[PDB]
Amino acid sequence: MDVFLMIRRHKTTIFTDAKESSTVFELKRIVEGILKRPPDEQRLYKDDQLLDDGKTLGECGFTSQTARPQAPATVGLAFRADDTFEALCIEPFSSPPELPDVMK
């Protein structure tokens, strides 16, 4: 089963897919190809929870039910700046305007 993800750090969001059976480390390899930071300089999160390299995405709760093309699941990403890791930070998207009267 394919799972559909948004990998998010600060103001960066990667749309990609992966196998349910693929590992956190293998997702870091994806991120490495794109953002040019090695797995070992990366932390990945589900919500606030650090994910272990060797675990599958399924075991971390990314399933076909929850990680859909039209509603992908979010993986948090933090980089190790030189020595130590930054705190996980993710900028929210902008706020929609108020519904117009004729739409309320």
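Take the two forms, superpose them, and find the largest set of C-alpha atoms that agree within 1.5 Å; that set is the rigid core. The first residue of the shown sequence is 1; numbering continues from there.
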Original post:
Which stretch is more displaced from the shown form in 6 other deposited structures of this protein, 76 to 84 or 90 to 98, with RMS over structures and residues of Cα positions after a rigid core fit?
Top reply: 76 to 84
Original post:
Comparing 5 to 13 with 92 to 100, which stretch shows the greater average C-alpha B-factor in the deposited entry?
Top reply: 92 to 100
Subject >> Lowest, middle or highest third - CA B-factor, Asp52 >> reply: middle
Subject >> Chain third (lowest, middle, highest) by recorded CA B-factor, residue given as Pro69 >> reply: lowest
Original post:
Which third of the chain does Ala87 land in by C-alpha B-factor: lowest, middle or highest?
Top reply: middle
**OP:** Quick one: classify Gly76 as lowest, middle or highest third of the chain based on its Cα B-factor.
**Re:** lowest
